[PDB]
Each structure stands twice: as C-alpha cells, then as structure tokens.
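To start, the structure under review is shown below, and the notes come after it.
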2 protein chains.
Amino acid sequence: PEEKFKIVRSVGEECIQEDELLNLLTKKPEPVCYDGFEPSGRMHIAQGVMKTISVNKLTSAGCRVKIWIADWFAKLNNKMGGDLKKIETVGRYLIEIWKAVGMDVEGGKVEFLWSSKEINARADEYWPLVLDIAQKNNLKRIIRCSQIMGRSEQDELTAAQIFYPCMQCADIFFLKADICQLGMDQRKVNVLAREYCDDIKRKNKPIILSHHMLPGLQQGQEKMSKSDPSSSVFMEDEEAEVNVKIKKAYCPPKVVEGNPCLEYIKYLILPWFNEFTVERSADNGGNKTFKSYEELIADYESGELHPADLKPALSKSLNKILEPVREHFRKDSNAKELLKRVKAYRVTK
Amino acid sequence: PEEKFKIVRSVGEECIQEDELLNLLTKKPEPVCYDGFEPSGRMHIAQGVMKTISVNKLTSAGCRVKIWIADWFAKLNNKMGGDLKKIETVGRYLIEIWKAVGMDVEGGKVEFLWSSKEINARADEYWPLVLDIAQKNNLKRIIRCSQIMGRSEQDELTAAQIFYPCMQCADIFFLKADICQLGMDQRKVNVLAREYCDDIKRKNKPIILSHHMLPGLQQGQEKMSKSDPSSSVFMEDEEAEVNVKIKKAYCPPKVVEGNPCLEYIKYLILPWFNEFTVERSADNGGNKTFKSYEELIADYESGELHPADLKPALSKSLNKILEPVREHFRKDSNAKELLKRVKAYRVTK
RNA sequence: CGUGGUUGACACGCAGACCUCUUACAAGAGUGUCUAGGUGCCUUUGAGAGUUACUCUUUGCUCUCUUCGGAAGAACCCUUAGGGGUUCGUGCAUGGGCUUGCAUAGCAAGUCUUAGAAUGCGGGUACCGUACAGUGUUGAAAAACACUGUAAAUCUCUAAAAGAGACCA
C-alpha cells in the first residue's frame, strides 16, 4: 500500500494528486500504462534508457505498460517525407532497441501495439471519442494545445495541430489505460482532457508523471534532438562515437544549473545500477561510490570533484549500458538490417 | 455521345469543364455517382423531388447513383442531441421516402449505403485517405472550408468544422465515384479537393453540377430548412397542410426574382410531368399547358397570368406527386411506424 | 376590458392566442375553442478539497460554520407550547458620498454601504378565480363549492464553458 505508492511516486518528478494516486492503487493494483512518443529516424538516450528504467520500475511496482508506436502521428507531423515504409522501419528499429536494451518480454508485462493496426481494427470505438472531443472544443482552445508538434502559435500554423490534440486526448481512453505518463510538453493537452472529462463526468482522473526535458550538448537547446547528432547521445553509436559526443557537451566547472550531465546521471545512471563509481587514479583520491545524488552534488560543489573524473566514468557507464544492445544487434541479422536501413535515410527536424 | 452529353448537362445548372465531361463520357459510359446530404428530422421538397428527378435523369442517361446516409456526419454536426438511434431512424425514414416516391430499385441502379457500415468495414482504405488529406492542408485553409455545416468563420468555431471537410473530401475517392454532384454550398471543399488532387496528381477531375439553393417561404432565407415548417414543404404533409404551407409563401405580383415558386416549378414540376397545366376557370381563359419555362415566364410577366391561377395548380401538382408516397406509407406498417417515430422528436436548426 | 346573467360559464362593442377557409407575401373571414395575475420573502457573497492524463482565474455538481442569520418560504420526525434535528433557490450593471482619465457635473476604473434591494429582470415558496384529470355535494346540458397538480414542470432529469505560463515542414 505505502511501498508501492512510494515506488510509483519515484517514477515521475512533478507528481500531483497523491490522494487520487493512493485511491487508484487501492482500487486497482494492476493498472494499464503507455507512453506517447514521435518516432523520427533514431532514438536518443532520454527516450531509451530513462524510458526503460521507468517501465522496469512500473513493472516492479505492479503496473502493465504498453508500447504505442505512433506512425500516423508521424505522418501527420510531416517527417521523412511522410512515407509509411520509412516510418514503420524506424518503429521496428525502436522496438528492436527497446527489446535489446533489457525488457521483460517473457513475463507478458510489456505489450507492443502499432497505432495503425490498433485504430484500423477498432475505428468504431475511436471515431465517437474524437467526435465528442472535437464537439466540446474551440478554435483557440485547440490552437493553444499545439505544443507536442513543435512551435507555439506565432508561426506557420497548419491544420495538423488541430487533428493531433484531439487524437492525443482520445488515446487516453481508446487504449483503456488507467494511468499514463509523458512529460511537461503536453500540459495543454492534459488540461484540455481534464476540462473535457469534467464536462462529460466519468470516473477518476489518472496521475500525471511529467518528466523534465533533458537539455542538449550546448547551453541553448532544452529538449532532445533526433536529427542533429551534436545534441544528444543515441542508442547505437560505438565507444569512440559515444566518447566524442560526450566530451563535447556543455559542462561548466563547479556549476549546478546549465549542465546536462547532472540530470543524465540522476535520471539515467543512478536508477539503473543503483550506484555510481567515479573512476579515478591513485593520485586523485581513488574511486568513490555514490549511492544517491545529494552527496554527489555536495562533493562536486565543494572543490574535490572535477569533470576530468566524472566524464570518463559517465562514458564508461554509457558504454557498459550499450554493450548488450551492440551485442544483440551484432549477433542478429534482422536487427543489423534494420540498423543499416535506418542509418542511411534523412531525419527531419 | 452527344445526346447523353446534353442529358448529363441538363442535370446541373452551373456546369463547367465540358471537355472533361465529354472525355469521361467517352472513356466511361457507366460512371458512379452519389450525393452528400445531412439527415436531420424530416426532408423538404428540394432534397426529395428534385433529387429524385436528378437520379432518374442520371439513370436514363446511363449513370449509377448511390445513396450516402450521413449519420456520423450528423452526429459530428450536433443534431438531435447526437443520439445514434434517432439519426438512424431519420435515415431509414428518408430511405423509405425515396423508395416510395418512385425509385428504380428493381433494376439494380440505385444503391443505399450507410456511412457507418461502409467506413467501419473499410477503415484500412479510409484512414490513409483522410491522413494524406490532412497532411496537405493548413489551419486557415480548413477554416475557410467550413460552409457545409453552417456559418462562416466569425462565429462559435468548433473542431467539427475541421474533421468535416477532410472526410467530405475523402468521400469522393472512398466511394470509388467517377463523378459527383451536390450544390453551391460546397465550393470551398471542391476547390480544396482540386488543390489536393493537383498536389498528388491522379487521373481526371470529375464534373461539378451545383444546384441553386431554393429560398424559403419569405424574402430572407435563401436555403431550405428541415426544422421550421414555415420555410419549406415536406414530403408527408396532407393536402390541407400542403395547401396551408404553399399559400403562405412570398409571391410578389409580376416579379421574377425573389419568388421561389418560379424555381420550384422549374426544378420540381417541369422535369417531372414534362408539362405544366394551369388550372383555371371558364372566365379566366381556360387551361394553359406549358411545355417549357420561357413561355411561362413570358406569359406571367405580361399581365395575363396571376398567382390566383398558379398557386392552385402548383398545389394540385404537389398533391398528385405526394399521393403515391401517402398511399405507400398508408398501405405499409413499417413505413407508418417510421413516420410516427420521426414526427414526434425535435429537429435542431 | 363593461353590460343582461345575483356570482362563474353563456352573447354583444375591442385586442390577442389554438385550429380551419379564402387570398399575391401582406391581409380578410369563421368565436369551432381559450385569455388580468397578485397576495410572498430572498438573491451582487469568504477559501480549500474532490468530480478518467500540470499551475492560475472566471464558471457547471458534493464535504468542510457556506461570512449581514443561510438555506429566505415550504417539506419530514418529537411536541402541555415555546422549540430540538435535516433537504431544496450561489446575480448580473448603475448608484451615495470616496479620486482620476474630463480645470468641477455623460462614460470607465482601486475601495466602502455582506445585499442602499434604490433602479430591472433570471429562479422557488403556503393561497386564491379562470381551463384541464380524479372525489363528495349543489346540479336540466353546462357549470359552482372544498381536496391533489399545472401557469416559470425545471435541476444540466448530469447531452455543461472560457483565458495566461508551450520544443513543427
């Protein structure tokens, strides 16, 4: 009752409505979960390692998580020329990555579902939902809810930013999901869904577990990029490529904010191995094993921890995490073909 | 080659692209046709008698016409509370009316198809169409194409005016129709479909046969109303009710424009009986049989034809046209039940 | 609207409504049928929590005294008769002195008279006569007396709205 509650609360960052959370846990121990993402070319580390940690923690807590491959949404967002073959190949490649990274597939906990085959076979349970959603909306209300696709309002506004919010709001009920979690880039759609469900009056609102966006390799981009390699670390680069991509990141000396490495270690390395060993030499003071995150920041902001000892350890940890994925992609032929087919096309941004 | 061309051209009013028309007639003698309407409560005379004349002329010319019962569109437009039972009952009632008015059903020319059962069974051939349509659109471009539902733009704009145009544009290919015809209240959707098909580049554009909207019983409403009885004549009123509804219409003495009776006789009575007998007395000059429409206007705008001789003849013609429908609804039990169930609920406007 | 009918129904001079007929919309005709409403009080009003995916605000439903007393009048249970417990109606602008945009008096804004209830209506309250459905009496048909309900049935019967903090083609 309390341990599962704390484990579920540890998944998200800006949690809210704890009473609703405990009520849904007491009335439904095994809920349904999913995630909404936009497949486009390759996957960065935030959509890979952090999502794997999140789904593993939800499985350990007793929550069923489903995979939502968004191909129709990707075609609506105009990516890779709107072709279906390229987008479905990217989706299969992302599924292969999530399967090779370490997913509990044999236990029947994870379920992969494509949007096309799910909406095509259940259009009778999907058209009334989007219809009733579009009925209780307004022009400016939907224009405000156009943050998942990209820019706000003062830009080249297209009609795709009108079809996307209604479908994204209907997906929370079309997939019979009890609770769902994404990030902070969907707050307008969240409040629109809240207003619509209050206007129609149903059961109990799910719990939102928004994840903070990870900044790029330089002081400017606050999100992750799946097109430009000099913005985020992918899930298939070699050791040398990962080292080159990690040694060019913005790392201010002895500064907390503005450095993405702290958030990377907090939401990528710490929940995985449940520890953090700083690989140093015999003259620096030896190896330090950090079990949490407060002591690491306290030692880094005191004058005894330099990036010259944090970047090599982080790169070694990333290489050790990627080694199973590389081995699985090398020992298999279909995974190698998928990798060679996705590492050739263009990725729009 | 030429006679069929003239017959097809006589169906519509503001015809265009005669070369495309003759090319499609020479390359496809038997095309597929349909009509898009919004069932809501009861049907007026324009959607009944004129549509029956149009489909009969298309059948005589050698064109297959299909019936498109729009129930999902009616639920999207928010009519009769959005209920499905009432809308499907109204659709069955309209089908019964079109069958009792005199439709070539035994010849296999007319085909009734509901939108729900057609899109539900063929969603795999319908989702890609609307997807590719919504991809090549813009916000303001779809906002402009919101004239079928009702008001223009400066009003309470909802998201239904965004889902309606894309579906209406996709219906021209989802129903494998070679040519289609509606009216002038769909020009924005027509030009949007033209732009989309020019962007994707397919075969040859169909021929548009827009029909002029019939004004109401008073100088103001230019369209037909299916809610207020004092605006149009239905297809089930008794002789006394039809006479009361026709004797209260706006009829300016010796004025061509602004009088709906001229257009009613032109597009309802003239193509039916192929004549028009003016029932008069022995002191007025006798009965006059008009075979066309120019001589009728010339005699009315000269001082020898008064509405006191045109309104009774028009009412008698309408009663003679409605007598088979009344007889079919009286001799049958299912038709009577449908009539009693549709003449009790409310009709929104 | 007054008359004969002691009163009400019943006809006449006039208006409106239901229905029908004639008529070019307009309009005319047919009583075939019907027709004041008041007695009566309140209502501009903290905040939080909850009502199938953030924060805040104006707003739809329940719990925390529901801020002049909050349920105002009715309803339910106990009453030597004063009372003891619960449910139902959550409002918009102006104003009188406060200052300015106006050098001092149209129009608006920061605050006070919880509500000037002062100016208007949105909504409920025991009751009466008209018309209707049921009972007993007076009753030639018709109609009247007292009892239950209607004139706004009314409450989203749960089909209910909006704006600022936002990473695409």
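Chain lettering (A, B, ...) mirrors the order of the structure tokens, residue numbering begins at 1 for each chain separately, and ligand numbering begins at 1 in order of display.
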Residues at most 7 Å from residue 224 of chain A, counting only C-alpha atoms (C1' of nucleotides), excluding those fewer than 4 positions away in the same chain, as a short mmCIF file (atom, residue, chain, number, x, y, z; two decimals) with N, CA, C and O atoms, in the first residue's frame?
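Below is the file that was written, selection.cif:
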data_model
loop_
_atom_site.label_atom_id
_atom_site.label_comp_id
_atom_site.auth_asym_id
_atom_site.auth_seq_id
_atom_site.Cartn_x
_atom_site.Cartn_y
_atom_site.Cartn_z
N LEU A 214 15.51 16.94 -21.09
CA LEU A 214 16.96 16.98 -20.95
C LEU A 214 17.55 17.97 -21.95
O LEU A 214 17.26 17.88 -23.15
N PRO A 215 18.37 18.91 -21.50
CA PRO A 215 18.97 19.88 -22.43
C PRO A 215 20.00 19.22 -23.33
O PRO A 215 20.49 18.12 -23.07
N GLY A 216 20.33 19.92 -24.41
CA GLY A 216 21.28 19.43 -25.39
C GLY A 216 22.72 19.53 -24.91
O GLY A 216 23.01 19.76 -23.73
N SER A 231 23.68 16.91 -30.25
CA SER A 231 22.63 17.40 -29.37
C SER A 231 22.27 16.36 -28.32
O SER A 231 21.87 16.70 -27.20
N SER A 232 22.41 15.08 -28.66
CA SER A 232 22.07 14.00 -27.74
C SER A 232 22.83 12.75 -28.15
O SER A 232 23.34 12.65 -29.27
#
Backbone DSSP call of helix (DSSP H, G or I) for segment 135-340 of chain B, listed as a ChimeraX atom specification:
/B:135,139-144,160-174,184-200,239-246,260-273,294-300,307-331,333-340
Wanna dump the segment 51-102 of chain C-segment 157-161 of chain C contacts at 12 Å for me, each residue with its shortest atom pair and the distance in Å to one decimal, counting only C-alpha atoms (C1' of nucleotides), ordered by chain and number, as a Markdown table?
| residue | atom | partner | partner_atom | distance |
| --- | --- | --- | --- | --- |
| C:51 | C1' | C:158 | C1' | 11.1 |
| C:58 | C1' | C:161 | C1' | 10.1 |
| C:59 | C1' | C:161 | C1' | 7.1 |
| C:60 | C1' | C:160 | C1' | 5.2 |
| C:61 | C1' | C:158 | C1' | 8.0 |
Atoms to include: N, CA, C and O atoms (P, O5', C5', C4', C3', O3' and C1' of nucleotides). Write the selected residues as a PDB file, in the first residue's frame.
ATOM      1  P     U C  51     -10.842  13.991  -8.668  1.00  0.00           P
ATOM      2  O5'   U C  51     -12.328  14.168  -9.215  1.00  0.00           O
ATOM      3  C5'   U C  51     -13.271  13.109  -9.127  1.00  0.00           C
ATOM      4  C4'   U C  51     -14.596  13.489  -9.739  1.00  0.00           C
ATOM      5  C3'   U C  51     -14.565  13.926 -11.196  1.00  0.00           C
ATOM      6  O3'   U C  51     -14.470  12.855 -12.120  1.00  0.00           O
ATOM      7  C1'   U C  51     -15.848  15.462  -9.964  1.00  0.00           C
ATOM      8  P     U C  58     -11.633  33.685  -9.462  1.00  0.00           P
ATOM      9  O5'   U C  58     -12.647  33.749 -10.690  1.00  0.00           O
ATOM     10  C5'   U C  58     -13.139  34.997 -11.155  1.00  0.00           C
ATOM     11  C4'   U C  58     -13.690  34.909 -12.557  1.00  0.00           C
ATOM     12  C3'   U C  58     -15.052  34.252 -12.722  1.00  0.00           C
ATOM     13  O3'   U C  58     -16.146  35.070 -12.344  1.00  0.00           O
ATOM     14  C1'   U C  58     -13.599  33.415 -14.364  1.00  0.00           C
ATOM     15  P     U C  59     -17.484  34.396 -11.755  1.00  0.00           P
ATOM     16  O5'   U C  59     -17.805  33.204 -12.769  1.00  0.00           O
ATOM     17  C5'   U C  59     -18.770  32.208 -12.455  1.00  0.00           C
ATOM     18  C4'   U C  59     -18.863  31.163 -13.543  1.00  0.00           C
ATOM     19  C3'   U C  59     -19.673  29.915 -13.218  1.00  0.00           C
ATOM     20  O3'   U C  59     -21.072  30.090 -13.372  1.00  0.00           O
ATOM     21  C1'   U C  59     -17.611  29.280 -14.174  1.00  0.00           C
ATOM     22  P     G C  60     -22.099  29.131 -12.588  1.00  0.00           P
ATOM     23  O5'   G C  60     -21.895  27.695 -13.252  1.00  0.00           O
ATOM     24  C5'   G C  60     -22.028  26.513 -12.474  1.00  0.00           C
ATOM     25  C4'   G C  60     -22.355  25.303 -13.317  1.00  0.00           C
ATOM     26  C3'   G C  60     -22.537  24.001 -12.548  1.00  0.00           C
ATOM     27  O3'   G C  60     -23.830  23.862 -11.983  1.00  0.00           O
ATOM     28  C1'   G C  60     -21.074  23.627 -14.358  1.00  0.00           C
ATOM     29  P     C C  61     -24.028  23.904 -10.388  1.00  0.00           P
ATOM     30  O5'   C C  61     -23.696  22.420  -9.907  1.00  0.00           O
ATOM     31  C5'   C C  61     -24.683  21.400  -9.939  1.00  0.00           C
ATOM     32  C4'   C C  61     -24.156  20.104  -9.371  1.00  0.00           C
ATOM     33  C3'   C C  61     -23.727  20.141  -7.910  1.00  0.00           C
ATOM     34  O3'   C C  61     -24.810  19.975  -7.010  1.00  0.00           O
ATOM     35  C1'   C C  61     -22.032  19.120  -9.201  1.00  0.00           C
TER      36        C C  61
END
Closest pair table for chain A residues within 6 Å of chain B, only C-alpha atoms, as CSV:
residue,atom,partner,partner_atom,distance
A:76,CA,B:135,CA,5.4
A:120,CA,B:123,CA,5.6
A:131,CA,B:76,CA,6.0
A:134,CA,B:159,CA,4.7
A:135,CA,B:160,CA,5.9
A:137,CA,B:158,CA,5.8
A:138,CA,B:158,CA,4.7
A:139,CA,B:158,CA,5.8
A:158,CA,B:138,CA,3.9
A:159,CA,B:139,CA,4.0
Next, dump the selected residues to file, keeping only C-alpha atoms, as a PDB file, in the first residue's frame.
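Resulting contents of out_34.pdb:
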ATOM      1  CA  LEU A  76       0.686  13.923 -39.718  1.00  0.00           C
ATOM      2  CA  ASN A 120      -7.908   0.449 -38.100  1.00  0.00           C
ATOM      3  CA  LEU A 131     -16.063  13.241 -32.385  1.00  0.00           C
ATOM      4  CA  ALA A 134     -13.961  17.868 -31.158  1.00  0.00           C
ATOM      5  CA  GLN A 135     -17.564  18.786 -30.323  1.00  0.00           C
ATOM      6  CA  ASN A 137     -13.699  22.314 -28.108  1.00  0.00           C
ATOM      7  CA  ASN A 138     -12.961  25.731 -29.598  1.00  0.00           C
ATOM      8  CA  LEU A 139     -10.625  27.114 -32.253  1.00  0.00           C
ATOM      9  CA  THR A 158      -1.199  24.171 -40.102  1.00  0.00           C
ATOM     10  CA  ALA A 159      -4.305  22.043 -39.646  1.00  0.00           C
TER      11      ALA A 159
END
Within 6 Å of chain C, which residues of chain A are there when counting only C-alpha atoms (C1' of nucleotides)? Please give them as a CSV table (one decimal) with N, CA, C and O atoms, in the first residue's frame.
chain,number,residue,atom,x,y,z
A,147,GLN,N,1.6,22.1,-28.7
A,147,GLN,CA,2.9,22.2,-28.2
A,147,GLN,C,3.7,20.8,-28.4
A,147,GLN,O,4.9,20.8,-28.3
A,149,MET,N,3.7,19.0,-31.2
A,149,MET,CA,4.2,19.0,-32.6
A,149,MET,C,5.5,19.9,-32.6
A,149,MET,O,6.5,19.4,-33.3
A,150,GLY,N,5.5,21.0,-32.1
A,150,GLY,CA,6.6,21.9,-32.1
A,150,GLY,C,6.4,23.3,-31.6
A,150,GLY,O,6.2,23.5,-30.3
A,151,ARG,N,6.4,24.3,-32.5
A,151,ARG,CA,6.3,25.7,-32.1
A,151,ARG,C,4.9,26.0,-31.5
A,151,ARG,O,4.0,25.2,-31.5
A,152,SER,N,4.8,27.2,-30.9
A,152,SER,CA,3.6,27.6,-30.2
A,152,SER,C,2.5,28.0,-31.3
A,152,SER,O,2.0,27.2,-31.9
A,180,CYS,N,-1.4,7.2,-17.1
A,180,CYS,CA,-0.4,7.4,-18.2
A,180,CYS,C,0.6,8.5,-17.7
A,180,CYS,O,0.3,9.2,-16.8
A,187,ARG,N,1.2,19.7,-21.4
A,187,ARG,CA,0.4,20.3,-20.3
A,187,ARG,C,-1.0,20.8,-20.9
A,187,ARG,O,-2.0,20.7,-20.3
A,190,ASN,N,-3.1,18.0,-21.6
A,190,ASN,CA,-3.6,17.4,-20.3
A,190,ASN,C,-4.7,18.2,-19.7
A,190,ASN,O,-5.8,17.7,-19.3
A,199,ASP,N,-16.4,18.0,-18.2
A,199,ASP,CA,-17.7,18.3,-18.9
A,199,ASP,C,-18.5,17.1,-19.1
A,199,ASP,O,-19.8,17.2,-19.1
A,202,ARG,N,-16.8,11.4,-15.8
A,202,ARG,CA,-16.6,9.9,-15.9
A,202,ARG,C,-16.2,9.4,-14.5
A,202,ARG,O,-16.9,9.6,-13.6
A,203,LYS,N,-15.0,8.8,-14.4
A,203,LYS,CA,-14.6,8.2,-13.2
A,203,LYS,C,-13.6,9.0,-12.4
A,203,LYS,O,-14.0,10.1,-11.9
A,204,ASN,N,-12.4,8.6,-12.3
A,204,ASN,CA,-11.3,9.3,-11.6
A,204,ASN,C,-10.2,9.6,-12.5
A,204,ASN,O,-9.7,8.7,-13.3
A,205,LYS,N,-9.6,10.8,-12.3
A,205,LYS,CA,-8.6,11.2,-13.2
A,205,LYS,C,-7.3,10.4,-12.9
A,205,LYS,O,-7.0,10.1,-11.8
A,206,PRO,N,-6.6,10.1,-14.0
A,206,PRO,CA,-5.3,9.4,-13.8
A,206,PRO,C,-4.3,10.4,-13.1
A,206,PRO,O,-4.5,11.5,-12.9
A,208,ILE,N,-0.6,12.2,-13.4
A,208,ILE,CA,0.4,12.7,-14.3
A,208,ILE,C,1.8,12.6,-13.7
A,208,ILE,O,2.0,13.0,-12.6
Just the residues within 9 Å of segment 337-348 of chain B, please, counting only C-alpha atoms (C1' of nucleotides), with nothing from its chain fewer than 6 positions along; format it as number ranges by chain.
B: 40-42, 78-81, 86, 89-90, 92-93, 96, 226-228, 236, 329
Taking the chain letters and numbering used in this document, name the residues of segment 199-349 of chain B that DSSP puts in strand (DSSP E or B), as a ChimeraX atom specification.
/B:211,230,232,234,276-278,288-290
Resulting file, chosen residues, N, CA, C and O atoms, as an mmCIF file, in the first residue's frame:
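part02.cif was written with the following content:
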data_model
loop_
_atom_site.group_PDB
_atom_site.id
_atom_site.type_symbol
_atom_site.label_atom_id
_atom_site.label_comp_id
_atom_site.auth_asym_id
_atom_site.auth_seq_id
_atom_site.Cartn_x
_atom_site.Cartn_y
_atom_site.Cartn_z
ATOM 1 N N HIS B 211 -26.326 22.757 -57.748
ATOM 2 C CA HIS B 211 -27.731 23.126 -57.823
ATOM 3 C C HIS B 211 -27.973 24.381 -56.995
ATOM 4 O O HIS B 211 -27.467 24.503 -55.875
ATOM 5 N N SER B 230 -42.520 26.458 -41.466
ATOM 6 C CA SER B 230 -42.820 27.641 -42.272
ATOM 7 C C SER B 230 -41.565 28.130 -42.999
ATOM 8 O O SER B 230 -41.085 29.247 -42.806
ATOM 9 N N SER B 232 -40.303 25.501 -45.821
ATOM 10 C CA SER B 232 -40.266 24.589 -46.955
ATOM 11 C C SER B 232 -41.385 23.571 -46.803
ATOM 12 O O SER B 232 -41.956 23.403 -45.723
ATOM 13 N N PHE B 234 -42.606 19.696 -46.873
ATOM 14 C CA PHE B 234 -42.048 18.382 -46.583
ATOM 15 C C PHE B 234 -42.559 17.367 -47.605
ATOM 16 O O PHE B 234 -43.127 17.720 -48.642
ATOM 17 N N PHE B 276 -46.911 21.520 -67.800
ATOM 18 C CA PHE B 276 -47.465 22.278 -66.680
ATOM 19 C C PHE B 276 -48.819 22.826 -67.108
ATOM 20 O O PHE B 276 -48.881 23.773 -67.898
ATOM 21 N N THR B 277 -49.892 22.234 -66.591
ATOM 22 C CA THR B 277 -51.248 22.657 -66.917
ATOM 23 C C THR B 277 -51.747 23.617 -65.843
ATOM 24 O O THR B 277 -51.843 23.248 -64.668
ATOM 25 N N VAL B 278 -52.064 24.843 -66.248
ATOM 26 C CA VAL B 278 -52.566 25.864 -65.335
ATOM 27 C C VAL B 278 -54.076 25.688 -65.220
ATOM 28 O O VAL B 278 -54.817 25.954 -66.170
ATOM 29 N N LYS B 288 -54.078 26.319 -69.638
ATOM 30 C CA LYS B 288 -52.906 26.527 -70.477
ATOM 31 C C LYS B 288 -51.846 25.495 -70.125
ATOM 32 O O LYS B 288 -51.473 25.355 -68.954
ATOM 33 N N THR B 289 -51.362 24.779 -71.136
ATOM 34 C CA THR B 289 -50.344 23.749 -70.963
ATOM 35 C C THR B 289 -49.004 24.307 -71.430
ATOM 36 O O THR B 289 -48.826 24.604 -72.615
ATOM 37 N N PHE B 290 -48.066 24.447 -70.497
ATOM 38 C CA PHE B 290 -46.735 24.964 -70.790
ATOM 39 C C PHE B 290 -45.750 23.803 -70.854
ATOM 40 O O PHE B 290 -45.618 23.041 -69.890
#
Determine, counting only C-alpha atoms (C1' of nucleotides), which protein, DNA and RNA residues have an atom within 10 Å of an atom of residue 267 of chain B; residues of the same chain fewer than 2 positions away are not included. Present the result as a list in words.
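Here the answer would be residues 11, 46, 49, 50, 51, 53, 54, 211, 212, 214, 261, 262, 263, 264, 265, 269, 270, 271 and 272 of chain B.
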Atom pair atom CA of residue 28 of chain B / atom CA of residue 107 of chain B: separation (Å)
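Atom-to-atom, atom CA of residue 28 of chain B and atom CA of residue 107 of chain B are spaced 19.9 Å apart.
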Exercise: segment 86-96 of chain C partners within 6 Å, only C-alpha atoms (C1' of nucleotides), chain neighbours under 5 positions left out, as a list in words
residues 44, 123 and 124 of chain C
For residue 61 of chain B: contacts at 9 Å, only C-alpha atoms (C1' of nucleotides), fewer than 3 positions along chain excluded, given as a list in words:
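Once the nearby chain positions are removed, what remains is residues 3, 4, 5, 7, 8, 30, 56, 57 and 58 of chain B.
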Output N, CA, C and O atoms for every residue in that selection, as a PDB file, in the first residue's frame.
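Contents of result-v1.pdb, freshly written:
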ATOM      1  N   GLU B   3     -26.180  13.115 -77.309  1.00  0.00           N
ATOM      2  CA  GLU B   3     -27.441  13.119 -76.574  1.00  0.00           C
ATOM      3  C   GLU B   3     -27.216  12.854 -75.090  1.00  0.00           C
ATOM      4  O   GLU B   3     -27.796  13.539 -74.238  1.00  0.00           O
ATOM      5  N   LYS B   4     -26.379  11.866 -74.759  1.00  0.00           N
ATOM      6  CA  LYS B   4     -26.060  11.612 -73.358  1.00  0.00           C
ATOM      7  C   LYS B   4     -25.341  12.802 -72.737  1.00  0.00           C
ATOM      8  O   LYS B   4     -25.558  13.124 -71.563  1.00  0.00           O
ATOM      9  N   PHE B   5     -24.488  13.475 -73.512  1.00  0.00           N
ATOM     10  CA  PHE B   5     -23.804  14.662 -73.009  1.00  0.00           C
ATOM     11  C   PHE B   5     -24.800  15.763 -72.666  1.00  0.00           C
ATOM     12  O   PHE B   5     -24.709  16.391 -71.605  1.00  0.00           O
ATOM     13  N   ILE B   7     -27.968  15.353 -71.964  1.00  0.00           N
ATOM     14  CA  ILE B   7     -28.790  14.912 -70.840  1.00  0.00           C
ATOM     15  C   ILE B   7     -28.043  15.101 -69.524  1.00  0.00           C
ATOM     16  O   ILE B   7     -28.622  15.543 -68.525  1.00  0.00           O
ATOM     17  N   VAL B   8     -26.747  14.779 -69.501  1.00  0.00           N
ATOM     18  CA  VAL B   8     -25.957  14.970 -68.288  1.00  0.00           C
ATOM     19  C   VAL B   8     -25.812  16.454 -67.973  1.00  0.00           C
ATOM     20  O   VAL B   8     -25.873  16.862 -66.806  1.00  0.00           O
ATOM     21  N   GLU B  30     -20.639   4.250 -68.155  1.00  0.00           N
ATOM     22  CA  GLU B  30     -21.388   3.993 -66.929  1.00  0.00           C
ATOM     23  C   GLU B  30     -20.547   4.403 -65.726  1.00  0.00           C
ATOM     24  O   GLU B  30     -19.742   3.607 -65.222  1.00  0.00           O
ATOM     25  N   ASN B  56     -33.206  10.004 -61.519  1.00  0.00           N
ATOM     26  CA  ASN B  56     -33.892   9.367 -62.638  1.00  0.00           C
ATOM     27  C   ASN B  56     -33.278   9.783 -63.968  1.00  0.00           C
ATOM     28  O   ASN B  56     -33.120   8.953 -64.872  1.00  0.00           O
ATOM     29  N   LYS B  57     -32.915  11.060 -64.106  1.00  0.00           N
ATOM     30  CA  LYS B  57     -32.275  11.512 -65.335  1.00  0.00           C
ATOM     31  C   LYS B  57     -30.890  10.894 -65.493  1.00  0.00           C
ATOM     32  O   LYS B  57     -30.484  10.543 -66.607  1.00  0.00           O
ATOM     33  N   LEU B  58     -30.154  10.743 -64.388  1.00  0.00           N
ATOM     34  CA  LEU B  58     -28.847  10.096 -64.456  1.00  0.00           C
ATOM     35  C   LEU B  58     -28.979   8.621 -64.816  1.00  0.00           C
ATOM     36  O   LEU B  58     -28.138   8.077 -65.543  1.00  0.00           O
TER      37      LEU B  58
END
What's the separation between atom CA of residue 188 of chain A and atom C1' of residue 164 of chain C, in Å to one decimal place?
11.9 Å
